[PDB]
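>
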Ligand SMILES: [Zn+2]
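Protein chains in written order, with the authors' numbering: chain A, 74 to 378, 384 to 423; chain B, 1072 to 1119; chain C, 422 to 579; chain D, 54 to 211; chain E, 50 to 390.
1. So that I know if they touch, is there some Cβ in chain E lying closer than 8 Å to that of residue 283 of chain A?
2. Go to residue 197 of chain A, then tell me how far its alpha helix (DSSP H) extends in each direction, as first and last residue.
3. From residue 190 of chain E to residue 309 of chain E, what does the alpha carbon distance come to, in whole angstroms?
4. Do residue 530 of chain C and ligand 1 come close, with the Cβ less than 7 Å from some heavy atom?
5. Less than 8 Å separating the beta-carbons of residue 422 of chain A and residue 357 of chain A?
6. Could you say which of D:63, D:67, D:81, D:84 lies nearest to residue 74 of chain D if we only look at CA atoms?
7. Going by the C-beta, is residue 62 of chain D closer than 7 Å to any heavy atom of ligand 1?
8. Less than 7 Å separating the Cβ of residue 75 of chain D from some heavy atom of ligand 1?
9. When the cut-off is 8 Å and only beta carbons count, does residue 83 of chain D lie next to chain C?
10. Say yes only if the C-beta of residue 78 of chain D is nearer than 7 Å to one or more non-hydrogen atoms of ligand 1, and no if none qualify.
11. Could you check whether residue 100 of chain E and residue 113 of chain E sit closer than 8 Å to each other, using their CB atoms as the reference points?
12. Give the residues of chain D in contact with residue 144 of chain A, contact being defined as C-beta atoms less than 9 Å apart.
13. Kindly indicate which residue of A:243, A:204, A:211, A:200 has the alpha-carbon position closest to the one of residue 553 of chain C.
14. Scan the region 93-130 of chain E and note each continuous beta strand (DSSP E) run of 3 residues or more that stays entirely inside, going in chain order.
15. Since I believe residue 152 of chain A is in contact with residue 134 of chain A (beta carbons under 8 Å), could you give me their beta-carbon distance rounded to a whole number of angstroms?
16. Below 7 Å, is the gap between the Cβ of residue 58 of chain D and the nearest heavy atom of ligand 3?
17. Quick one: residues in its chain with C-beta nearer than 8 Å to the C-beta of residue 474 of chain C, no 5 flanking neighbours on either side, listed in chain order?
18. Between which two residues does the beta strand (DSSP E) holding residue 227 of chain A run?
19. Around the C-beta of residue 293 of chain E, are 16 or more other C-beta atoms found within 10 angstroms, so that it is buried, or is it exposed?
20. Would you say the region 479-488 of chain C touches the region 427-445 of chain C, given that touching needs at least three Cβ pairs under 8 Å?
21. Measuring alpha carbon to alpha carbon, tell me which of E:382, E:335, E:320 ends up nearest residue 349 of chain E.
22. So what's residue 203 of chain D in DSSP terms, helix, strand or just coil?
23. Give the interface partners of residue 1112 of chain B over in chain D, defined as CB-CB distance under 7 Å, in chain order.
24. What whole-angstrom Cβ distance do residue 273 of chain E and residue 284 of chain E have, given they're in contact under 8 Å?
25. How about residue 193 of chain A and residue 84 of chain A: are their beta carbons less than 8 Å apart?
26. Return the residue from the list A:115, A:398, A:375 that minimises the CA-CA distance to residue 169 of chain A.
27. Hey, could you find the ends of the beta strand (DSSP E) residue 537 of chain C is sitting in?
28. Can you round the beta-carbon distance between residue 329 of chain A and residue 316 of chain A to whole angstroms, since I take them to be within the 8 Å contact cut?
29. Does any residue of chain B have a CB that is nearer than 8 Å to the CB of residue 57 of chain D?
30. Name the chain D residues whose beta carbon is nearer than 8 Å to that of residue 1115 of chain B?
31. Check the Cβ of residue 1092 of chain B against every Cβ in chain D and list those closer than 9 Å, keeping chain order.
32. Taking the alpha carbon of residue 511 of chain C as the point to measure from, which residue in D:171, D:184, D:98, D:118 has its own alpha carbon closest?
33. Residue range of the beta strand (DSSP E) that residue 527 of chain C falls in?
34. Out of A:225, A:129, A:234, which has the shortest C-alpha to C-alpha gap to residue 98 of chain A?
35. Residues of chain C with CB closer than 7 Å to the CB of residue 131 of chain D, please, in chain order.
36. Let's test the definition: count the other Cβ atoms within 10 Å of the Cβ of residue 237 of chain A and tell me whether it reaches 16, buried, or not, exposed.
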């Protein structure tokens, strides 16, 4: 039906069925996640397999079948045969190393478990970064990504609990997202804080003048290197775009884009130009000596805009010689039979 | 050039449409005498 | 297998407690459980329209008017599919065509105001979510959050 | 741009049908920019609404599913439809094409029953439970004896 | 209308911001200078304001010029932006109560109570006798008597004095089970509305359809009470059906409307049929009203933000900038003169 309620109910229901106890459950899971790490590494040590591979195979066996490996990541790990071979060596690990295998999986499991339980935490956080320009679900989602980030770095040895830790790692993920996706035209985090500062400043300035500050105040109040050109620019970038498709004029049936003209396209007038221009330019180019005429025709009209570097083997003196003598004979007879005079431009 | 005007090429309303249509799953392909392709988008749709 | 997924006999899950040699063996089996276009993509590929055509033919003229009427309307779609044109596994979307660029312009208005076809805000919607999805799978995947997104994703595709 | 490349290695009409060595651009004017198509590769599929929400669900019709409600049910949220086989029971055999809820679904893949009841104090229920918990198969309705009555109403081990 | 902002409790309050005198006087620039230069000829306005405290102290920050409101030329036209503009009058149903014939069933006609502004109920009384009567505020219908009971009209005094001459009285005394408990009927109707609300709310929602907001502050005397005494019912105690002195409400309007429906349906008390298009029903909005309404809309937008700042300001010096922000009133009134259709 309507999307917010369903997810809210979705995880709130599962937290309702499994909140994590303050100390015990979070400690429990934490301890297991870490042991997983120490496990996987020792596994790489004895298998010679990259901890990335050992990590992905324990993931498959605990989080999903061939289905989850084939669609998400296209196909480098053979759906069946590949992952299985990897599990066989894990089995071969005697009593000593087999232990790490069994731990890795159980660890991985705990991980996901700690992640489920602290989803209300995200939503509670994400709840306040609402009207920034991101959908609540998008916001919760990035924040979620943030909590997963936290899980990777939490050191349970250092007594502080995951609550306070997740907060930071989530708030960071969100704010980033808000700064990277919120607009149509990307704007770096610096420009963002800059705009917030700009905004906040305009607020304190609205406070007493009764005059929406000229870009003079803003420069001042802002600080060290602020000037009118700077603020006029920033607020020009702050205005989000408009809709090429918006209800226009009297709101009846008016769509905004019919009004904007076009520039690259040669309005007939231009197509006719290029026709005479090229035919006449082409007639002259042939009646001349190819030597320095083509040099300048090609050097200028074929690739890019170098007198010396323009002529093949013959030096500058023959260039200027024929360039300026052919260019003038060409111009002066074109003066006689006036075809070019009428500036095609 | 005083040329008897040329014989019409495909209208952009048509091409705008086909693509609008392609934007949605649907595939609209024009056909030949015998049910075979023909080409509206002159040479810009074949790839690379 | 260690203590997640292991199918021995009719009982199909196996937990392990190296304390006492205890091989915990939970009893439920491979239940193909799916939700979302994934589940329907499957369903759609598996059907041999010829079979359902013939099946409906019989259902059409033989039983009374209630279930045979439903079968006539259901035979319409199946027939055309088979008749001429293309086959039905395509109704599912896994590859989203993107409309050209100049048709969804980005233009310079006034002051430096810019103007873009509303289509581009929707496209970014899809792309960001599609991407966020990929990174969410990779990072590790808590179910609720994956669906949550797949939901948004779907909606976006609409 | 008109006939020119992005970088400019090749810039006029003579080689009109070839692409640039270091960067890719075959040219005729910016019209190619407005006629060409790009595509987004979806993570996990989704479906066309043009086919799913037209009055006759072209997919609900072809796939005998609840023409209008079974779709909406599994499509946008998590209501599962057993696709190929699922040996274990609900009370009856595996539902070839029928749909089930998260709850009952949950009850299926981990084990029949999940009962985590953890005691209030340190000596009253911690003793009742422990004594009968480790190797003793606890039958349904095992009446643990101390806070209120710790009731274990389900199956096999503890 | 919107100045006495009473904000009492959720944390600390007892806020009382009061209006003294409204004064506007020195135009920024003049007419022709307003046309040569792009300028909106508007007079400056700042009224006197003094906010009270529950602690000893009342800070009076005299002026705050919010809202530059356009002026009228001696001919009657304005000067908004470069071009002289004009505000055209309008027409509509003058907020009253009428009885129009029923939609499809040729049978009998139904009653309508019209309360403008928009926010503010829209009542209708219809009887479909196989077992139901219909009175609708937002949409779903309920009993015409459960309400009179609430107010204090009991089955006996009601039925005999009002409809002795009106047999329809029988539909009124019908569900006696609920008519036998007074104030409990108040809680019962509350229950009839639907959220899943606290049964206990002493006299809160009854107030809303009682004295202040929804019914209207259109001048006490001739605004609505004209449509009353001549068309139906004789008196009004308090502008619209209004009272908050004892917790027990008075409704000299709820009974007369039914009184006239029993009357309209039963003969000639007079001939009670209202031709809507009678101009005594369709009213003309002169310029003033059109501006006063946008001015008040802005006043609410202003008073909305100010409430937030009765909590934001640290201690007592919160009179000037802490309570007033000229952003709303400007955009609001400005929008009416330049963008109003
Ligand atoms: Zn290039």
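Backbone N, C-alpha and C define an ideal beta-carbon position, used for all residues, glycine too.
Reading from the atomic positions:
1. yes
2. 192-199
3. 20 Å
4. no
5. no
6. D:63
7. yes
8. yes
9. Interface residue, yes.
10. Indeed, a heavy atom of ligand 1 lies less than 7 Å from the Cβ.
11. no
12. 96, 97, 98
13. For residue 553 of chain C, the closest C-alpha among the options A:243, A:204, A:211, A:200 is that of A:211.
14. 98-100, 117-119
15. The Cβ separation is near 13 Å, so there is no contact.
16. Within the structure as shown, ligand 3 is missing, the only ligands being ligand 1.
17. Excluding sequence positions up to five before and after residue 474 of chain C, its CB lies within less than 8 Å of the CB of 496, 499, 500, 503, all in the same chain and listed in chain order.
18. First-last for residue 227 of chain A: undefined, no H or E at that position.
19. exposed
20. no
21. Ranked by Cα distance from residue 349 of chain E, the first of E:382, E:335, E:320 is E:382.
22. coil
23. Result: 88.
24. Rounded to the nearest angstrom, the Cβ distance from residue 273 of chain E to residue 284 of chain E is 12 Å, too far for a contact under 8 Å.
25. yes
26. When the alpha-carbon of residue 169 of chain A is set against those of A:115, A:398, A:375, the nearest one is in A:115.
27. 535-537
28. 7 Å
29. no
30. Neighbourhood of residue 1115 of chain B in chain D, by CB distance below 8 Å: 81, 84, 85, 88, 89, in chain order.
31. Chain D residues near residue 1092 of chain B: none, gap ~11 Å exceeds 9 Å.
32. D:98
33. 527-529
34. For residue 98 of chain A, the nearest C-alpha among the options comes from A:234.
35. Neighbours of residue 131 of chain D across chain C, judged by C-beta separation under 7 Å: 456, 568.
36. Exposed, since its Cβ has fewer than 16 Cβ neighbours within 10 Å.
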